[PDB]
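Here the structure is laid out as C-alpha cells; the discussion comes afterwards.
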Amino acid sequence: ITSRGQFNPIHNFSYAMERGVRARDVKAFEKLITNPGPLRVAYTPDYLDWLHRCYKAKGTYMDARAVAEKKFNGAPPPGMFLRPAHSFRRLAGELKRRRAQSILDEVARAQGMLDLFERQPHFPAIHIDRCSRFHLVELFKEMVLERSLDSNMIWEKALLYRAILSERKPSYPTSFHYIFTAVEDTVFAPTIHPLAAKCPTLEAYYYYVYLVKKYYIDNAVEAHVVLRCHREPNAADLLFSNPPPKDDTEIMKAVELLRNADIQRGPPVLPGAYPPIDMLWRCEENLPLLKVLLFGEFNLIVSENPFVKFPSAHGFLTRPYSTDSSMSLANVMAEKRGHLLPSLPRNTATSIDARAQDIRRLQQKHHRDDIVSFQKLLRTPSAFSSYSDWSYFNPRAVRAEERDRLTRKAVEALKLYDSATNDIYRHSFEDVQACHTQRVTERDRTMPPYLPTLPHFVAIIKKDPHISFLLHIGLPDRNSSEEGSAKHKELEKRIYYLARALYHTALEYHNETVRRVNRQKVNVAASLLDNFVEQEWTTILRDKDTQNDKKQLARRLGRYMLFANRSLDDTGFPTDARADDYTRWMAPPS
Amino acid sequence: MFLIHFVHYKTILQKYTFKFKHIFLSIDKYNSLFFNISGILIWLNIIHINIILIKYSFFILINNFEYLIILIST
C-alpha cells in the first residue's frame with residue numbers, strides 16, 4: 001500500500017531486534033542503516049528522522065509485548081476475552097496473524113525498493129564506489145538494458161551523461177568525486193581500428209557536449225527530453241527553450257576550445273551508428289563508460305519540470321492538452337451521416353457551426369486556468385491521490401501496475417489479519433448462551449437462498465428454452481467451425497452483459513437514483529441479447545423434414561419471449577406486482 | 001454445548017398492506033340543505049313574527065311539532 005510522497009522502509013529491523021540487538025544512541029542507529037555490500041543509499045535528513053522514530057517505536061512495541069508475555073507466565077478488543085493458548089481456534093488465529101504480517105512486511109519493503117530504483121526524492125543518491133564488474137553488469141542488465149526498447153539510445157544516454165558530468169563538475173557535492181575517475185578514464189575509439197567495433201567515437205562525444213552547451217542541460221531529466229526530441233525532423237521547434245538557446249557561433253567556439261584544450265593533454269551533425277549494445281556491458285574497455293551510465297541514472301535525477309525549460313516538447317513526450325488545438329463541424333457530421341441520409345437542413349448546419357465556434361472559445365478561455373487549478377487541487381486518502389501524480393517529471397517512474405499488484409496483495413493480507421481476531425478472542429459465554437435463545441429458523445430468520453450473485457442470473461438467463469437451445473444445438477458447433485466459435489463467443493458475451501446488468505440492479509435495488517440508471521444498463525444489454533437471439537433463430541429456420549431434427553425441435557419451442565419486455569425484480573424473478581407499478585419503479589431517470 | 005456466535009437476521013418486510021375501515025366510518029348522520037332564513041313566524045299561545053330580510057320568498061316551510069312555526073324563504 002502506497003500513495004504519493006509516502007515513506008516506505010527498505011530496511012529489515014525485525015530480524016536483528018528478535019535476536020535482541022537494540023540501538024540507543026543516534027550513532028548506533030546510523031551504524032544500523034549502512035549497507036556493507038556494494039551499493040550506498042543516501043537519505044534525506046527527513047526520511048532519516050522518520051525512520052529513526054519508527055525504529056524507536058518498534059523497540060517500545062516489541063519490548064512491551066515481550067514484558068506482557070513474561071508477566072502472563074495481544075490486548076483484547078473491548079468486549080472480548082482471550083481464548084486459551086493451545087486451543088485450535090487460537091492456534092489457527094495466531095498462525096493467520098503471523099502469515100498476514102509477514103506478507104504486509106514484505107510488501108512494505110518491496111514498495112520501498114520500488115521507491116529506491118524509481119529514484120524518489122527521499123533516496124537522493126545511490127552510490128557505486130564498491131562495485132566490481134559483476135555488480136555493475138548486473139545493475140546494468142536489470143535497470144538500464146531490460147527496460148529500453150531502443151538499443152542505440154543507450155549509448156547516447158551514456159555520452160550525454162558523460163558530458164553533463166564533465167561540464168557541471170564544480171557544483172557537484174564531495175561524495176560524487178569518485179565518479180570523475182571514471183570520466184577521465186573513458187576510452188574512445190581512435191579517429192577514422194581495433195576498438196572501432198568496441199567503443200564510440202570522440203566526435204560523437206563532442207556532439208553531445210554541443211547539446212549540453214546549447215540547451216543548458218543540468219539533469220538526467222532534461223537529458224531525457226533532449227535525447228528523445230533531437231533526432232526528429234522538428235528539432236529546432238520541439239527543443240526551443242524558454243531561456244532561448246545560445247547562438248551556435250559561441251557554442252561551436254567553446255567546443256573548439258574544449259576539443260583543442262583536450263588535444264594538448266594527450267552545426268555538428270547528429271552522430272552515426274554505434275557498436276552493438278553488448279560491447280558496452282561485456283568489454284572491460286567500456287567499463288568506465290558503463291559506470292558513468294549507472295551513475296547518470298541513479299543520481300543526476302532532479303525533481304524539476306523539464307517543460308518549463310522546453311515548453312514545446314510537452315506535447316511530444318507525454319500527451320498534449322485537449323484544450324489545445326494543433327473543416328467546419330457540419331461537414332464532419334455530414335461525412336459520418338453518410339450519403340444515404342438527407343444532408344443537414346441549412347439552418348441546423350449554421351447553428352451547429354455557431355456552437356463549434358463557442359466551444360472553441362470556451363477551450364481557449366479555460367486552457368490556462370484549468371491547468372493551474374488542477375495542480376493547486378493536487379497539492380492540497382484525499383480524493384486526489386495516486387502512486388504517481390507528482391508536479392515534477394520522472395523518466396524512471398514506475399509502472400502503475402507494479403505498485404497496484406503489491407497494494408492488492410497487502411489488502412488481502414489485511415483482511416486475513418482481521419479474520420483472526422474472532423479466532424483469538426471470543427464473546428462473553430453467557431452472551432452466546434443468550435444468543436442461542438433465538439434459534440435460526442429456515443423460513444424467516446435465515447437469508448433467502450436466492451441472493452444477488454452473478455451465476456444466479458447467468459443461470460436464470462441460460463435457463464430459457466430458446467437460449468438453452470441456441471447454446472447447445474442451435475449455433476453451428478463451437479469447436480467444429482470458425483463461425484461456430486465466433487457466434488458462440490458473442491452469445492456468451494451478451495448473456496454475460498445482461499447478467500452483470502441484472503446483478504448490479506439487484507445490489508443497488510433499494511436506492512432509487514442508482515436503480516433507474518442501472519436499469520438503463522439492463523435495457524441496453526437485453527436489447528443486444530434479443531437482437532442476437534432473434535437473428536440467429538431466423539438463421540436456423542431459413543438455413544438449408546426428417547423426424548426430430550434441428551428445425552422441428554426449434555419450432556416446438558414456440559415464440560421467443562424478449563428479455564427486454566421481461567419484468568424482473570431484485571431477486572431475478574418475475575414480479576408479484578401489477579404491471580403499472582413495476583413500470584413506474586423502473587422508469588428512466590427523468 | 002455452543003459452537004458458535006451469530007448475528008440474528010430477520011426479514012421484517014411489510015410488503016403487503018391490509019387496512020380495514022372500522023365500522024363507524026359508515027354510520028349515518030343527519031345532513032341538511034341550508035338556505036338563508038329570510039323570516040320566521042311562531043305561534044303557540046300568541047303569534048310572533050320576526051323578519052330578517054324582506055324579499056319575495058321563493059320557498060316556505062311549515063313545522064308543527066311543539067309550536068306552530070313557519071320558516072320563510074328558509
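Going through the C-alpha cells in order, the chains are called A, B, and so on, while each chain numbers its residues from 1 and the ligands are numbered from 1 in the order shown.
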Step one, run DSSP on the backbone; step two, keep only residues of range 99-245 of chain A assigned to alpha helix (DSSP H); then write them as a CSV table (one decimal) with N, CA, C and O atoms, in the first residue's frame.
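Written output follows (part04.csv):
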```
chain,number,residue,atom,x,y,z
A,99,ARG,N,1.3,-15.1,9.4
A,99,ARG,CA,1.4,-15.1,7.9
A,99,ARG,C,1.0,-13.8,7.4
A,99,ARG,O,1.8,-13.2,6.6
A,100,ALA,N,-0.1,-13.2,7.7
A,100,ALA,CA,-0.6,-11.9,7.3
A,100,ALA,C,0.5,-10.8,7.5
A,100,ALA,O,0.7,-10.0,6.7
A,101,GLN,N,1.1,-10.9,8.7
A,101,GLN,CA,2.0,-9.8,9.0
A,101,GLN,C,3.4,-10.0,8.2
A,101,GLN,O,4.0,-9.0,7.8
A,102,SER,N,3.8,-11.2,8.0
A,102,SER,CA,5.0,-11.4,7.1
A,102,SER,C,4.7,-10.8,5.8
A,102,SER,O,5.5,-10.1,5.2
A,103,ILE,N,3.5,-11.2,5.2
A,103,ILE,CA,3.1,-10.6,3.9
A,103,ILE,C,3.2,-9.1,3.9
A,103,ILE,O,3.8,-8.5,3.0
A,104,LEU,N,2.5,-8.4,4.9
A,104,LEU,CA,2.5,-7.0,4.9
A,104,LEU,C,3.9,-6.3,5.0
A,104,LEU,O,4.1,-5.3,4.5
A,105,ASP,N,4.8,-7.0,5.8
A,105,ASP,CA,6.1,-6.6,5.9
A,105,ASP,C,6.9,-6.6,4.5
A,105,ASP,O,7.5,-5.6,4.1
A,106,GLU,N,6.8,-7.8,3.9
A,106,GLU,CA,7.4,-8.0,2.6
A,106,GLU,C,6.9,-6.9,1.6
A,106,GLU,O,7.7,-6.3,0.9
A,107,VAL,N,5.6,-6.7,1.6
A,107,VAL,CA,5.0,-5.8,0.7
A,107,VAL,C,5.6,-4.4,0.9
A,107,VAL,O,6.0,-3.6,0.0
A,108,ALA,N,5.6,-4.0,2.2
A,108,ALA,CA,6.1,-2.7,2.6
A,108,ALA,C,7.6,-2.5,2.0
A,108,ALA,O,7.8,-1.5,1.4
A,109,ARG,N,8.4,-3.5,2.3
A,109,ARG,CA,9.8,-3.4,1.8
A,109,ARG,C,9.9,-3.4,0.3
A,109,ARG,O,10.7,-2.7,-0.3
A,110,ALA,N,9.1,-4.2,-0.4
A,110,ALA,CA,9.1,-4.2,-1.9
A,110,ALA,C,8.7,-2.9,-2.5
A,110,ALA,O,9.3,-2.5,-3.4
A,111,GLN,N,7.7,-2.2,-1.9
A,111,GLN,CA,7.3,-0.9,-2.3
A,111,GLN,C,8.4,0.1,-2.0
A,111,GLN,O,8.6,1.1,-2.7
A,112,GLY,N,9.1,-0.1,-0.9
A,112,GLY,CA,10.3,0.7,-0.6
A,112,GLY,C,11.3,0.6,-1.7
A,112,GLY,O,11.9,1.6,-2.1
A,113,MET,N,11.6,-0.7,-2.1
A,113,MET,CA,12.6,-0.9,-3.2
A,113,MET,C,12.2,-0.3,-4.5
A,113,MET,O,13.0,0.3,-5.2
A,114,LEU,N,10.9,-0.4,-4.8
A,114,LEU,CA,10.4,0.3,-6.0
A,114,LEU,C,10.7,1.8,-5.9
A,114,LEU,O,11.2,2.4,-6.8
A,115,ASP,N,10.4,2.4,-4.7
A,115,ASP,CA,10.8,3.8,-4.5
A,115,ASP,C,12.3,4.0,-4.7
A,115,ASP,O,12.6,5.1,-5.3
A,116,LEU,N,13.1,3.1,-4.3
A,116,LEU,CA,14.5,3.3,-4.4
A,116,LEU,C,15.1,3.3,-5.8
A,116,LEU,O,15.9,4.1,-6.1
A,117,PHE,N,14.6,2.4,-6.6
A,117,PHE,CA,15.1,2.4,-8.0
A,117,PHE,C,14.2,3.2,-9.0
A,117,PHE,O,14.5,3.3,-10.2
A,133,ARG,N,33.0,-5.7,-11.6
A,133,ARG,CA,32.3,-5.9,-12.9
A,133,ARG,C,31.0,-6.7,-12.7
A,133,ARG,O,30.1,-6.3,-13.4
A,134,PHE,N,31.0,-7.6,-11.8
A,134,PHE,CA,29.7,-8.4,-11.6
A,134,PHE,C,28.6,-7.4,-11.3
A,134,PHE,O,27.6,-7.4,-12.0
A,135,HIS,N,28.7,-6.7,-10.2
A,135,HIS,CA,27.7,-5.8,-9.7
A,135,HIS,C,27.3,-4.8,-10.8
A,135,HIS,O,26.1,-4.5,-10.9
A,136,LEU,N,28.3,-4.3,-11.5
A,136,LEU,CA,28.0,-3.2,-12.5
A,136,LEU,C,27.2,-3.8,-13.6
A,136,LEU,O,26.2,-3.2,-14.1
A,137,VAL,N,27.7,-4.9,-14.2
A,137,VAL,CA,27.0,-5.6,-15.3
A,137,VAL,C,25.6,-5.9,-14.9
A,137,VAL,O,24.6,-5.7,-15.6
A,138,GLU,N,25.4,-6.5,-13.7
A,138,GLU,CA,24.1,-6.9,-13.2
A,138,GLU,C,23.1,-5.7,-13.1
A,138,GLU,O,22.0,-5.7,-13.6
A,139,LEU,N,23.6,-4.7,-12.4
A,139,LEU,CA,22.8,-3.4,-12.2
A,139,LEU,C,22.4,-2.9,-13.6
A,139,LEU,O,21.3,-2.4,-13.8
A,152,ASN,N,20.3,1.7,-29.5
A,152,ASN,CA,21.2,2.8,-29.9
A,152,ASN,C,21.0,4.0,-28.9
A,152,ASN,O,21.9,4.8,-28.8
A,153,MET,N,19.9,4.2,-28.3
A,153,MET,CA,19.6,5.3,-27.4
A,153,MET,C,20.4,5.2,-26.1
A,153,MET,O,20.7,6.2,-25.5
A,154,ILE,N,20.8,4.0,-25.7
A,154,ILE,CA,21.6,3.7,-24.5
A,154,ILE,C,23.0,4.4,-24.6
A,154,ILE,O,23.4,5.1,-23.7
A,155,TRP,N,23.6,4.2,-25.7
A,155,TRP,CA,24.9,4.9,-26.0
A,155,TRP,C,24.8,6.4,-25.8
A,155,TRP,O,25.5,7.0,-25.0
A,156,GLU,N,23.8,6.9,-26.5
A,156,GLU,CA,23.5,8.4,-26.5
A,156,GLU,C,23.4,8.8,-25.0
A,156,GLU,O,24.1,9.8,-24.6
A,157,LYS,N,22.6,8.1,-24.3
A,157,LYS,CA,22.3,8.3,-22.9
A,157,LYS,C,23.7,8.4,-22.1
A,157,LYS,O,23.9,9.3,-21.3
A,158,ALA,N,24.5,7.4,-22.4
A,158,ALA,CA,25.8,7.4,-21.8
A,158,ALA,C,26.7,8.6,-22.0
A,158,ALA,O,27.1,9.3,-21.1
A,159,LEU,N,26.9,8.9,-23.3
A,159,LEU,CA,27.8,10.0,-23.7
A,159,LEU,C,27.2,11.3,-23.1
A,159,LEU,O,28.0,12.2,-22.6
A,160,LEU,N,25.9,11.5,-23.2
A,160,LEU,CA,25.3,12.7,-22.7
A,160,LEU,C,25.4,12.9,-21.2
A,160,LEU,O,25.7,14.0,-20.7
A,161,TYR,N,25.3,11.8,-20.5
A,161,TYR,CA,25.6,11.8,-19.1
A,161,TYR,C,27.1,12.2,-18.8
A,161,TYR,O,27.4,13.0,-17.9
A,162,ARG,N,28.0,11.6,-19.6
A,162,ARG,CA,29.4,12.0,-19.5
A,162,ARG,C,29.7,13.4,-19.7
A,162,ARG,O,30.5,14.1,-19.0
A,163,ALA,N,29.0,14.0,-20.7
A,163,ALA,CA,29.1,15.4,-21.0
A,163,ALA,C,28.5,16.3,-19.9
A,163,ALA,O,29.1,17.3,-19.5
A,164,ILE,N,27.4,15.9,-19.3
A,164,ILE,CA,26.8,16.7,-18.2
A,164,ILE,C,27.7,16.6,-17.0
A,164,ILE,O,27.9,17.6,-16.4
A,165,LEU,N,28.2,15.4,-16.7
A,165,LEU,CA,29.1,15.3,-15.5
A,165,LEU,C,30.3,16.1,-15.7
A,165,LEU,O,30.8,16.8,-14.8
A,166,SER,N,30.9,16.1,-17.0
A,166,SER,CA,32.1,16.8,-17.2
A,166,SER,C,31.9,18.3,-17.3
A,166,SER,O,32.9,19.1,-16.9
A,167,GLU,N,30.8,18.8,-17.7
A,167,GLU,CA,30.5,20.2,-17.8
A,167,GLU,C,30.1,20.9,-16.5
A,167,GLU,O,30.4,22.0,-16.2
A,177,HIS,N,32.9,12.6,-6.0
A,177,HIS,CA,34.2,12.8,-6.6
A,177,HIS,C,34.7,11.5,-7.3
A,177,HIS,O,35.2,11.6,-8.4
A,178,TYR,N,34.5,10.3,-6.7
A,178,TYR,CA,34.9,9.1,-7.3
A,178,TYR,C,34.6,8.9,-8.8
A,178,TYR,O,35.4,8.4,-9.6
A,179,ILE,N,33.3,9.3,-9.1
A,179,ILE,CA,32.8,9.1,-10.4
A,179,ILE,C,33.7,9.8,-11.5
A,179,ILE,O,33.8,9.3,-12.6
A,180,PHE,N,34.3,10.9,-11.2
A,180,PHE,CA,35.1,11.6,-12.1
A,180,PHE,C,36.3,10.8,-12.6
A,180,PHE,O,36.8,11.0,-13.7
A,181,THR,N,36.8,9.9,-11.7
A,181,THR,CA,37.9,9.0,-12.0
A,181,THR,C,37.5,8.2,-13.3
A,181,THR,O,38.3,8.1,-14.2
A,182,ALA,N,36.2,7.8,-13.3
A,182,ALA,CA,35.7,7.0,-14.5
A,182,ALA,C,35.5,7.9,-15.7
A,182,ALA,O,35.5,7.4,-16.8
A,183,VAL,N,35.3,9.2,-15.5
A,183,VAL,CA,35.1,10.1,-16.6
A,183,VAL,C,36.4,10.4,-17.4
A,183,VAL,O,36.4,10.3,-18.6
A,184,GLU,N,37.5,10.7,-16.7
A,184,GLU,CA,38.8,10.9,-17.3
A,184,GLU,C,39.3,9.6,-17.9
A,184,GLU,O,40.3,9.6,-18.7
A,202,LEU,N,35.1,10.0,-30.5
A,202,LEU,CA,35.2,11.2,-29.8
A,202,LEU,C,34.2,12.3,-30.4
A,202,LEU,O,33.7,13.1,-29.7
A,203,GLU,N,34.1,12.2,-31.7
A,203,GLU,CA,33.2,13.1,-32.5
A,203,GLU,C,31.9,13.2,-31.9
A,203,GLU,O,31.3,14.2,-31.6
A,204,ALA,N,31.3,12.0,-31.7
A,204,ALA,CA,30.0,11.8,-31.0
A,204,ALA,C,30.0,12.5,-29.7
A,204,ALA,O,29.1,13.4,-29.5
A,205,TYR,N,31.0,12.3,-28.8
A,205,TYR,CA,31.0,12.9,-27.5
A,205,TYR,C,30.9,14.4,-27.7
A,205,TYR,O,30.2,15.0,-26.9
A,206,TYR,N,31.6,15.0,-28.7
A,206,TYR,CA,31.6,16.4,-28.8
A,206,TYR,C,30.2,16.9,-29.3
A,206,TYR,O,29.8,18.0,-29.0
A,207,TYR,N,29.6,16.1,-30.1
A,207,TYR,CA,28.2,16.4,-30.5
A,207,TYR,C,27.3,16.6,-29.2
A,207,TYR,O,26.6,17.6,-29.1
A,208,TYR,N,27.4,15.6,-28.3
A,208,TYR,CA,26.6,15.7,-27.1
A,208,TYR,C,27.1,16.9,-26.2
A,208,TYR,O,26.2,17.5,-25.6
A,209,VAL,N,28.3,17.2,-26.2
A,209,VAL,CA,28.8,18.4,-25.5
A,209,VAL,C,28.1,19.6,-26.1
A,209,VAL,O,27.7,20.6,-25.4
A,210,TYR,N,28.1,19.7,-27.4
A,210,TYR,CA,27.4,20.7,-28.1
A,210,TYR,C,25.9,20.8,-27.6
A,210,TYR,O,25.4,21.9,-27.4
A,211,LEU,N,25.3,19.7,-27.4
A,211,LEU,CA,23.9,19.7,-26.9
A,211,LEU,C,23.8,20.2,-25.5
A,211,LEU,O,22.8,20.9,-25.2
A,212,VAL,N,24.7,19.8,-24.6
A,212,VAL,CA,24.7,20.3,-23.2
A,212,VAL,C,24.9,21.8,-23.2
A,212,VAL,O,24.3,22.5,-22.4
A,213,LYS,N,25.8,22.3,-24.0
A,213,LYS,CA,26.1,23.7,-24.0
A,213,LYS,C,25.0,24.5,-24.6
A,213,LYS,O,24.7,25.7,-24.2
A,214,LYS,N,24.4,24.0,-25.7
A,214,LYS,CA,23.4,24.8,-26.4
A,214,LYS,C,22.1,24.9,-25.7
A,214,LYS,O,21.4,25.9,-25.8
A,215,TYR,N,21.6,23.7,-25.1
A,215,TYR,CA,20.4,23.7,-24.4
A,215,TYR,C,20.4,23.8,-22.9
A,215,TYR,O,19.4,23.7,-22.2
A,220,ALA,N,19.5,14.5,-15.7
A,220,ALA,CA,19.2,13.3,-16.4
A,220,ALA,C,17.8,13.5,-17.0
A,220,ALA,O,17.4,12.9,-18.0
A,221,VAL,N,17.0,14.4,-16.4
A,221,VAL,CA,15.6,14.7,-16.8
A,221,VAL,C,15.6,15.4,-18.2
A,221,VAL,O,15.0,15.0,-19.1
A,222,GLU,N,16.3,16.6,-18.2
A,222,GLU,CA,16.3,17.3,-19.4
A,222,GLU,C,17.1,16.5,-20.4
A,222,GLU,O,16.8,16.6,-21.6
A,223,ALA,N,18.1,15.8,-20.0
A,223,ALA,CA,18.8,14.8,-20.8
A,223,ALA,C,17.8,14.0,-21.5
A,223,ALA,O,17.8,13.8,-22.8
A,224,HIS,N,16.8,13.4,-20.8
A,224,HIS,CA,15.8,12.5,-21.3
A,224,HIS,C,15.0,13.2,-22.4
A,224,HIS,O,14.9,12.7,-23.5
A,225,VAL,N,14.5,14.4,-22.1
A,225,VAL,CA,13.7,15.2,-23.1
A,225,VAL,C,14.5,15.4,-24.4
A,225,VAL,O,14.1,15.1,-25.5
A,226,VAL,N,15.7,16.0,-24.2
A,226,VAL,CA,16.6,16.3,-25.4
A,226,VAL,C,16.9,15.1,-26.2
A,226,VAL,O,16.8,15.1,-27.4
A,227,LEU,N,17.2,14.0,-25.6
A,227,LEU,CA,17.6,12.7,-26.2
A,227,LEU,C,16.4,12.1,-27.0
A,227,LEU,O,16.6,11.4,-28.0
A,228,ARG,N,15.2,12.4,-26.5
A,228,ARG,CA,14.1,11.9,-27.3
A,228,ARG,C,13.7,12.8,-28.4
A,228,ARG,O,13.3,12.3,-29.5
A,229,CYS,N,13.9,14.1,-28.3
A,229,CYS,CA,13.5,15.0,-29.4
A,229,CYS,C,14.5,15.4,-30.4
A,229,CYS,O,14.1,15.8,-31.5
```
Inset, instruction - Report as a ChimeraX atom specification the set of chain B residues whose atoms approach chain A to within 12 Å, with distances computed over only C-alpha atoms. - result: /B:1-13,15-16
Inset, instruction - Mind checking which residues fall within 10 Å of range 332-337 of chain A, counting only C-alpha atoms, ignoring those fewer than 5 positions away in the same chain, and posting them as a ChimeraX atom specification? - result: /A:327,342-344,349,352
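Non-sequential neighbours of residue 39 in chain B (distance at most 10 Å, separation of 3 or more positions within a chain, only C-alpha atoms) are residues 36, 49, 50, 51, 52, 53, 54, 55, 57, 60, 70, 71, 72, 73 and 74 of chain B.
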Selection from above, C-alpha atoms, as a compact mmCIF listing (two decimals), in the first residue's frame, can you write it?
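Below you can see again08.txt, which holds the result:
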```txt
# COMPACT_ATOMS: atom_id res chain seq x y z
CA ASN B 36 -80.52 31.88 4.39
CA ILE B 49 -93.23 37.46 13.76
CA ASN B 50 -89.60 38.05 13.07
CA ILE B 51 -88.45 39.44 9.74
CA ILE B 52 -84.73 39.28 8.99
CA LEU B 53 -84.82 40.19 5.31
CA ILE B 54 -87.74 41.36 3.22
CA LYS B 55 -87.70 39.84 -0.24
CA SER B 57 -89.92 34.45 -0.68
CA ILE B 60 -91.73 28.18 2.64
CA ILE B 70 -93.24 28.88 9.62
CA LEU B 71 -89.75 29.41 8.22
CA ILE B 72 -89.93 31.92 5.33
CA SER B 73 -87.50 31.62 2.36
CA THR B 74 -85.75 29.28 4.73
```
Legend entry - Residues within 10 Å of residue 32 in chain A, only C-alpha atoms, excluding chain neighbours under 4 positions, as a list in words: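 So, after excluding close chain neighbours, the residues are residues 11, 13, 16, 22, 23, 26, 27 and 28 of chain A.
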Inset, instruction - Run DSSP on the backbone and grab whatever in chain B lands in strand (DSSP E); send it over as a ChimeraX atom specification. - result: /B:39-43,47-51,60-63,68-72
Legend entry - Selection near range 82-85 of chain A, 7 Å with only C-alpha atoms, sequence-local residues under 4 positions removed, as a ChimeraX atom specification: /A:76,90-91,424-426
Legend entry - Close residues, residue 48 in chain B itself excluded, 12 Å, only C-alpha atoms, min 3 positions apart in chain, as JSON, numbers by chain: {"B": [39, 40, 41, 42, 43, 44, 45, 51, 67, 68, 69, 70]}
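Picture a line from CA of residue 470 in chain A to CA of residue 575 in chain A; it runs 26.2 Å.
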Inset, instruction - Could you check how far CA of residue 75 in chain A sits from CA of residue 92 in chain A, in Å to one decimal? - result: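 Distance reported for this atom pair: 17.6 Å.
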Inset, instruction - Rank A:81, A:249, A:63, A:297 by their smallest atom-to-atom distance to residue 20 in chain A, using only C-alpha atoms, and report the top residue only. - result: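 Among the listed residues, the smallest separation from residue 20 in chain A belongs to A:63.
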Inset, instruction - Kindly give the distance, in Å, that separates CA of residue 296 in chain A and CA of residue 219 in chain A, rounded to a single decimal. - result: 8.8 Å
Legend entry - Among the residues A:10, A:362, A:217, A:189, the one that comes closest to residue 300 in chain A [using only C-alpha atoms]: A:217
